[PDB]
Each structure stands twice: as structure tokens, then as C-alpha cells.
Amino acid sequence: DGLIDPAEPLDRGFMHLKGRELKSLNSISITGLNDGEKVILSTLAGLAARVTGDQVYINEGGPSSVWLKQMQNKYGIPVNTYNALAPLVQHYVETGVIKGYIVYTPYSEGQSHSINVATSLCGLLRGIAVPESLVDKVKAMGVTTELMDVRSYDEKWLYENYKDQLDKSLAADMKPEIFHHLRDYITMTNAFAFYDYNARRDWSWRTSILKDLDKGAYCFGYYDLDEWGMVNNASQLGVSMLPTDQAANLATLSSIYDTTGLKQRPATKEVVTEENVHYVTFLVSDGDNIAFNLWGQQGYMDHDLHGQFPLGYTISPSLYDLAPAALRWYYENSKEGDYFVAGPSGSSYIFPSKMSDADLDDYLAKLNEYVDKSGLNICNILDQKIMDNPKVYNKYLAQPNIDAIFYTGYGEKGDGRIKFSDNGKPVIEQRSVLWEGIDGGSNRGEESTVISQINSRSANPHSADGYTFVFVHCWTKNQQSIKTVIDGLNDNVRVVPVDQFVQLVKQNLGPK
């Protein structure tokens, strides 16, 4: 074969399972494929990444093309292009990767979850997932053996029959009408994929699944159907959420082991305080979401205004393991006034206030080492009541590699408080927000409001009143929205990079 036995465990980075070391890419455009073809393609990608370095890339253009070219150019990976699904599938029949198909019923028919059953079985049985309507099409591509018929089954059947064969370091909350995102990584890892959303938001079944995972486990997948409830549910159990159901190509992206260029420039430790100014910094939201990191964030950063003002970005430390080519690109594309912060609330989306003391201690010891590798020393916490939770903020800031917190409260206005850990590091609460229609149609997050707010505050860097941390909602407010604010600010207002803001706060307001 030149294939690795599918029973051999995957390698892991410090945090995440990674595919077999990448040697060649077989790139195919998403254009003109139907839903079933998308499922075939993503489960195939997961097949390949478990057993070979000859891997699949789903090229969606835009940011997807950027990551492909980055791998070609920085890591010397050859790219073969395929103009159609049939020859790509045939290639993987010939190389021995595809052993057959697993037939399922789409969600469009009777709300079947069988797509998830098929996806989780693909890596075990060495099959592609195929809806009944495409069985003859795949047979014509050379995939002639039916490995299993799962049309009548749900994820409870899957778990009852395959729990001990499925990975226990992650599971995936997987919507049955997401076709080409995430399923590759699920098939690669033999993760259990399930959809437990119900109108009751009854959390018993998900709890039962999550409690069966190993200590330090992840839950990949969606959050948007019940965000606070899902994150609370996982965090209380010591489980980390990684928003990933809108991420493509993670199996393949994870397969680069070269970690050159993955350490951010250091946060500055030297800045001269200017008297009689008000200091402002801007930080973009949503960086915990790997799908944002792999799509929207690339376009966001490459706005035509990039570099006209300094800007902070949140990003996921987990990109170090899951998509090093993309993390590398961010750091290489950064301008001097750009600076990256770990997204909510560390290496994954947790509410640290909901974890047990022991689980949070474990989480933070890992975080501390992991951000040393990526240089993501400043962290954004998204949680509730943190400014009144010195236990939690002191535990973060006790870590030698975690140097400051930017706190954005979940459903909290943000009062701009600045507090210090016992060891003298700042915890900086949101003070303005740029967000269209925040709180169900208010004007609190409009450019005109943020301008008025900043311009009303005192130009005194020796007081917390002299500082505004502006949090920027990535989906509604882009670099032009930020520039609009900046262009309205008074002459005594100074817009600074995030790391400078932290040092100014520390030296002007922290212990002497």
C-alpha cells in the first residue's frame, strides 16, 4: 500500500490529533457539487488523512486558496488539481484508501441523523459516506462494495454499538445538514458525531456523551443553537469547545508538523507614557472560532485599510496544531501595529468560572505551555462576573506565560474596570463596543456612540478613566467601521496596539 494501518493511533500535537504527515495535495473545487458529493468528498478527505500523506483539499477559493498556496510555497507541498469528483475518487480507489461505501438517508428525508452514523463509521470501516441517491454514481467511480447500510439508524444506535471503537479525546456536535465541513476531521479521528439539539434544550444525552470522554477532552462542532447553554454544559464537565462546524480541510491542514514561524512577536515591554491623552485600543471578536480563523478573519485582516491603524485580533491557539499554515500566514501578514490575543477563553471556548478548580488548574497548566509556543500571551476571557472573580483571574495570571486578560462579559455591557492580579498583571474590562444593533437593536455599539464615549472620557493616563478598550464585533463591524471611529476622535486621543495598551496600563496603574 504505502499506507499506514488504519488501526495505528494518530499522532497528537501538544493538544490535538493530527493527520499523517502531509506529502501531496489533491485539490478540487467545491463548485458544481451537490450535497451528497460534498459528503463523499469530506469523508474521503478524512479517510486519506488517517493512512497517507497524499491528502485531499477542498478549494473554496478566497481564504481557502490562501491556505493552499501557503502550504505549496512555505512547505514545498506539490498540488495536483482535479477538475471533477469522479477521477479524485478513482485515484483513492487505486491507492487503496477507499474500501467501499456506507449508505445513509439524508436529513431532507424524515429528519434522519444517519449521515452522522455514516460519518463516524467511515474511518472504522474505511468507507465513504454516500446517500442512497448517489450509490450508482459512486459505483461508477470504482467504489463497488457496500460496507454497511445505516439508513435506519441514529446516533444512539451508533453509540450502543461502537462506543468502545470511537475516540474518547473528542466528540462532535454535528448538524445533519452540514455536508462538507468538519466531517473530514471526524472521519480521520473516529470521533462520535451527534446532534442532540431539541426544542427542550434538555441536556441529559449530551452530558452522558461528554462525561464518557477522557479528561481534557474537546467537543468540536456547533455552538449557535444554544451558545451559553452548550458552553456551560461542556465547561462544567471540564470539556473544551472548539467551534469548528464551519471549518473545511482540518484533517489535511492538521497534517503539517513543521512549526516554523508559529511564534508571535513578543508583546512590548517598553512604551513612553504621553501626558494628557486618552488611550484607546481595539480588539476583534470571535477568534475562538476556527471557522472564522480559516475564512472570515482572513478577509477581515486583508481589508484595504489594513495597516492604517493598529488592531488587535483574537485567534485560536489551537490553530497551532490544527492549521499551522494559517497561523503562520497570520503572523507573516501582520503589520507592526497588529497583535494577536488568545480567543475566548484560552485554547478553546470555555467559561472558566464554571469549571471545577482541578479542571481549571489542568486547563491552565496546558494553556500556559501552549501559548508559549504560539506567543499568544494575552488572553480574552468571555464569561460572566469575572471582574468579581479574583479566584479565576488570579489563576490565569499566575501562569508565567499569560500576561494580561481582556475581559468581555457574556451579555454584560462592560464598565471599563481595570483590576490587577496579586502578581501585578492587568485584567481589562470592555469599555465600549462596536457592534451593530447590539442587545436587540440598541445604538450602544454604533460608531457615533463609540466616538462620543471615547471623546467624553478623561485624558489622564494615571487613571483607569484614561483608557478605553473597544471590543469589535467581527460580523457587523469591519476595518472601515473602526476607521470611522478613529477619524472622529479628538486630537488628544491615542489609538495604540493591544500590547502597548497593556504595558501602559501596567506601568501607570499597576503596583509600583
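We number the residues from 1 along the sequence you see.
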Open item on the list: On mean Cα temperature factor in this entry, is 443 to 451 or 458 to 466 the higher one?
Closed with: 458 to 466
- [ ] Check the entry's C-alpha temperature factors for 296 to 304 and 265 to 273, then say which stretch has the higher mean.
- [x] 265 to 273
- [ ] Please work out which residue in 15, 25, 10, 489 has the highest C-alpha B-factor recorded for this crystal structure.
- [x] 489
TODO: Quick one: which of 314, 187, 356, 240 shows the highest Cα temperature factor in the PDB entry?
DONE: 356
Open item on the list: What third of the chain does residue 421 rank in for C-alpha temperature factor, lowest, middle or highest?
Closed with: highest
Task: B-factor third for the C-alpha atom of residue 437 within its chain - done: middle
TODO: Pull the Cα B-factor of residue 31 out of the PDB entry and bin it into the chain's lowest, middle or highest third.
DONE: highest
Open item on the list: Based on the deposited C-alpha B factors for this chain, I'd like to know if residue 379 is in the lowest, middle or highest third.
Closed with: lowest
Task: CA B-factor ranking of residue 335, expressed as a third of its chain - done: middle
